[PDB]
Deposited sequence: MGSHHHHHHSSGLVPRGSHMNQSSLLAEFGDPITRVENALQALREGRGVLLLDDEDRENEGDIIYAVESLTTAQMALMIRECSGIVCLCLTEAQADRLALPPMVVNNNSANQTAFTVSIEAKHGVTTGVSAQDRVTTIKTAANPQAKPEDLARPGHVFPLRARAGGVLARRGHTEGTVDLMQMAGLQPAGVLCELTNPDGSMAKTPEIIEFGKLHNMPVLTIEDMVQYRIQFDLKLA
């Protein structure tokens, strides 16, 4: 298979988790199909301006903040939503300001009044159960953070070739090599969680 050289599914997940623990990004696909498009995922815990700058210049720019249901509830988000930190920003759209918004929104101590709407960051609620309930990249992002033992919030954005076409699996693989970002799939994550999160007795 197209990703087989990079480890079996569980190894790909393990490698992705270790990259996140080290503060590095990963690349997420639905599965190994050649025509899949993919996302850069960063942990919010270790998110830097330079990472956000990379994400914006390499991706769609429509940067999504993936949150638990509990964290979105803490923000009084509705059950397109967009947000901006009330404080600590200027015009909201710079890489630094988006990181500020993201850190503010993902803070477990956050209150709704910490944010203004609308803004340049797009929050998304992960389903309870994660990829075992819904195979979305929103669930994938939050599950990865939880599986890595990190703050359960991550940012995602769609990798875009410079000519404006979306990066497909082959291009995502090459981007992963260039930027040393492990590539994994939602299918890999499901296989991992079925193996390690389920009761066996």
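S.K.: Where does the model have holes with respect to the deposited sequence?
M.R.: Holes in the chain trace, numbered from 1: 1 to 23, 103 to 115.
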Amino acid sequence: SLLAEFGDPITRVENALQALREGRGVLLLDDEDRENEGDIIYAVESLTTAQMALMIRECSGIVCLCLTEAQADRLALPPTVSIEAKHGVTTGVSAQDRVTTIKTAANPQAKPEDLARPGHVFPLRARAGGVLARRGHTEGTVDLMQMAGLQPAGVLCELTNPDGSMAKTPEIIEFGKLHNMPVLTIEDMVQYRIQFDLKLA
From here on, numbers count along this sequence of modelled residues.
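C-alpha atoms forming the largest set that superposes within 1.5 Å between two forms make up the rigid core.
S.K.: Quick one: core-superposed, which stretch strays further from the shown model in 5 other deposited structures of this protein, 191 to 199 or 1 to 9? Go by RMS C-alpha distance.
M.R.: When 1 to 9 and 191 to 199 are compared in 5 other deposited structures of this protein, 191 to 199 lies farther out.
S.K.: After a rigid core fit, does 24 to 32 or 145 to 153 show more C-alpha displacement in 5 other deposited structures of this protein?
M.R.: The stretch that sits farther from the shown form in 5 other deposited structures of this protein is 24 to 32.
S.K.: With respect to the recorded C-alpha B factors, which stretch has the higher mean value, 63 to 71 or 31 to 39?
M.R.: Comparing averages over the C-alpha atoms only gives 31 to 39.
S.K.: Which is higher on mean Cα B factor in this entry, 144 to 152 or 22 to 30?
M.R.: Comparing averages over the C-alpha atoms only gives 144 to 152.
S.K.: Among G129, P123, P118, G92, which carries the highest Cα B-factor?
M.R.: Highest CA B-factor of the listed options: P118.
S.K.: Split into thirds by Cα B-factor across the chain's modelled residues, where does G136 land: lowest, middle or highest?
M.R.: According to the entry, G136 has a C-alpha B-factor in the chain's middle third.
S.K.: Could you tell me which third, lowest, middle or highest, the C-alpha B-factor of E158 occupies within its chain?
M.R.: Ranked within chain, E158 CA B lands in the lowest tercile.
S.K.: Split the chain's modelled residues into thirds by Cα B-factor; is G164 in the lowest, middle or highest one?
M.R.: Lowest third - that is where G164 ends up once the chain's C-alpha B-factors are sorted.
S.K.: Comparing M189 with the other modelled residues of its chain, is its CA B-factor in the lowest, middle or highest third?
M.R.: For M189, the deposited C-alpha B-factor lands in the lowest third.
S.K.: Comparing against every modelled residue in the chain, figure out the third that the C-alpha B-factor of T49 lands in (lowest, middle or highest).
M.R.: As the PDB entry reports it, the C-alpha B-factor of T49 lands in the middle third of its chain.
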